[PDB]
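Student: Structure provided below as structure tokens; questions to follow.
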There are 2 protein chains.
Amino acid sequence: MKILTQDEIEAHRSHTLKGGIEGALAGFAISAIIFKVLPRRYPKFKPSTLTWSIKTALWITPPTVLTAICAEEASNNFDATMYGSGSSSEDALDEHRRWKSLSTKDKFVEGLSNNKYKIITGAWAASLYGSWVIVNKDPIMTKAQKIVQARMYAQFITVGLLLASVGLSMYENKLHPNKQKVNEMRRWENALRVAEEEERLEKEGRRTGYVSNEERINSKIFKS
Amino acid sequence: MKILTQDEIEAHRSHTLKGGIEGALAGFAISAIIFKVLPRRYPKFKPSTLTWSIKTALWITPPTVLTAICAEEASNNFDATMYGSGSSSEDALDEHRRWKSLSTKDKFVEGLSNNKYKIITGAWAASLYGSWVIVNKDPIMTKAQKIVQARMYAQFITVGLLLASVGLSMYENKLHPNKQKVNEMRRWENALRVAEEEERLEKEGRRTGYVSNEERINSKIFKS
């Protein structure tokens with residue numbers, strides 16, 4: 001019946017929202033450019049069906065992240081009131097509340113830091129094509145080992161997307177986005193099957209061999 | 001007309017709640033019995049990986065079908081705990097829902113038919129082991145080749161589960177604006193990735209050349 005509100009201060013990432021549209025256009029450019037780095041020099045990589053899978057999970061993130069902008073344009077009316085004197089009385093007390101914080105920078109670390117991480121991630125991708133041209137001193141060896149070696153670093157740089165992804169859904173949990181902890185795990189248990197499935201090819205798949213691999217046996221039996 | 005009674009003065013769809021709980025305890029029996037039929041005759045194991053996945057999606061289906069019981073026990077009961085208000089359009093709206101039917105017997109086809117389909121489905125499972133006990137072949141052929149033949153009927157008998165599934169989540173959309181559904185396509189596009197992935201192994205498996213050539217190998221060893 002008589003209950004006041006608690007911390008009902010209307011304030012969100014409206015400042016970063018402007019960048020939300022700039023990131024949507026960048027996702028379409030780097031999306032196709034990253035896949036060309038390898039196939040750019042060579043004609044057609046036989047194992048190109050691998051890089052083709054990740055390209056599917058990248059199209060679902062950019063169109064959904066937009067949900068942060070539509071939530072702001074709908075929540076607080078952008079055309080509420082411009083800047084003018086008039087007779088303000090309710091907003092007058094809004095200033096007495098910040099007199100206890102005395103820290104306006106609190107909102108600055110939210111935008112300023114974003115511009116930094118924004119570029120730190122873009123350079124984290126080009127490191128793959130720049131690592132080949134800048135340096136490349138390898139003798140005649142099975143180039144395939146490099147194709148399956150990429151998996152190693154990938155499995156790691158990949159989790160950076162999953163972890164940062166769930167944290168976005170668990171945040172909305174505050175008000176009432178859904179109910180009963182469920183569904184969420186759909187992407188953790190599902191990514192596990194498509195992952196463990198690739199192993200059946202490493203154990204059942206027949207590997208190759210050469211004159212150097214057979215010579216390594218002499219050093220193995222040497223153990224006594 | 002002296003209150004002779006008979007058995008029950010009601011036949012609402014809720015009458016199915018009785019079998020709803022009987023199914024939860026029933027799967028526990030067919031669950032392990034169906035998996036033993038094949039490995040029971042085989043003195044050794046091997047294809048336990050293909051059978052371990054199909055059994056995973058079956059554990060989450062039965063615990064969710066219960067959503068129909070907890071919904072009927074609350075709905076007809078006190079839905080709004082605190083004093084919300086009173087009756088809503090559900091009273092005047094029931095007028096259009098009452099014309100949908102014509103006779104009271106219409107409620108009998110709801111249960112009387114459920115018992116019929118309840119048996120026709122139980123015989124579709126045992127048909128695989130009862131088909132082997134028959135034993136009617138003097139000569140013997142490659143067994144591993146038959147292990148991949150089941151994939152011709154399975155994928156078909158499986159779709160019977162997917163269709164009946166979305167039909168349950170799509171029916172709620174009728175009168176339920178609140179608590180919308182997450183994303184039905186979540187599973188279709190997902191069931192396709194884990195599916196097409198199984199083909200990558202069929203392209204590498206090059207044991208036989210063709211169905212007619214496989215039988216020609218018997219005469220090939222005869223000629224020199």
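Structure determined by solution NMR.
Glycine too: its Cβ is placed from the backbone N, Cα and C atoms.
According to Swiss-Prot:
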type: TOPO_DOM; residues: A:1-13; note: topological domain 'Mitochondrial intermembrane'
type: TRANSMEM; residues: A:14-38; note: transmembrane segment
type: TOPO_DOM; residues: A:39-47; note: topological domain 'Mitochondrial matrix'
type: TRANSMEM; residues: A:48-75; note: transmembrane segment
type: TOPO_DOM; residues: A:76-103; note: topological domain 'Mitochondrial intermembrane'
type: DOMAIN; residues: A:89-180; note: domain 'HIG1'
type: TRANSMEM; residues: A:104-133; note: transmembrane segment
type: TOPO_DOM; residues: A:134-142; note: topological domain 'Mitochondrial matrix'
type: TRANSMEM; residues: A:143-173; note: transmembrane segment
type: TOPO_DOM; residues: A:174-184; note: topological domain 'Mitochondrial intermembrane'
type: TRANSMEM; residues: A:185-204; note: transmembrane segment
type: TOPO_DOM; residues: A:205-224; note: topological domain 'Mitochondrial matrix'
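Help me see these features in their spatial surroundings.
Tutor: Note: the topological domain 'Mitochondrial intermembrane' (A:1-13) comprises 0 helix, 0 strand, 13 coil (DSSP; helix = H, G, I, strand = E, B).
When Cβ-Cβ distances below 8 Å are used as the criterion, the transmembrane segment (A:14-38) is approached by residues 45, 51, 55, 58-59, 61-62, 65-66, 68-69, 72, 76, 107, 110-111, 114, 118, 122, 125, 128-129, 132 of the same chain, each at least six residues removed from its ends.
Tertiary neighbourhood of the topological domain 'Mitochondrial matrix' (A:39-47): same-chain residues 129, 147, selected by CB-CB distance under 8 Å and a gap of 6+ residues from either end.
Outside the transmembrane segment (A:48-75) by six or more residues, the chain places 10, 12-14, 17, 20-21, 23-24, 27-28, 31, 35, 38-39, 158, 161, 165, 194 with a CB less than 8 A from a CB of the stretch.
Non-local neighbours of the topological domain 'Mitochondrial intermembrane' (A:76-103) in the same chain are 10, 14; each lies 6+ residues outside the stretch with a CB under 8 Å from one of its CB atoms.
Residues 11, 13, 15-16, 19, 30, 34, 37-38, 40, 98, 157 of the same chain lie 6+ residues outside the transmembrane segment (A:104-133) yet bring a C-beta within less than 8 angstroms of a C-beta in it.
Sequence-remote contacts of a segment are chain residues at least 6 beyond its ends whose Cβ falls under 8 Å from one of its Cβ atoms, and for the topological domain 'Mitochondrial matrix' (A:134-142) they are 208, 210.
Sequence-distant contacts of the topological domain 'Mitochondrial intermembrane' (A:174-184) (same chain, at least 6 residues past either end, Cβ-Cβ under 8 Å): 166.
Here the topological domain 'Mitochondrial matrix' (A:205-224) has long-range neighbours at 142, 144, meaning same-chain residues at least 6 beyond its ends whose C-beta is under 8 angstroms from one of its own.
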Student: Could you tell me how many residues in the topological domain 'Mitochondrial intermembrane' (A:76-103) are helical, how many are strand and how many are coil under DSSP?
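Tutor: Once the DSSP states are binned, the topological domain 'Mitochondrial intermembrane' (A:76-103) shows 9 helix, 0 strand, 19 coil.
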Student: Within the topological domain 'Mitochondrial matrix' (A:39-47), how many residues are helix, strand or coil going by DSSP?
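Tutor: Breakdown, helix to coil: 3 helix, 0 strand, 6 coil.
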Student: Report, as numbers and ranges, every residue of the chain located at least six residues beyond the topological domain 'Mitochondrial intermembrane' (A:1-13) whose Cβ falls under 8 Å of a Cβ in that stretch; write 'none' if there are none.
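Tutor: For the topological domain 'Mitochondrial intermembrane' (A:1-13), the nonlocal Cβ contacts are 68, 71-72, 75-76, 107, 110.
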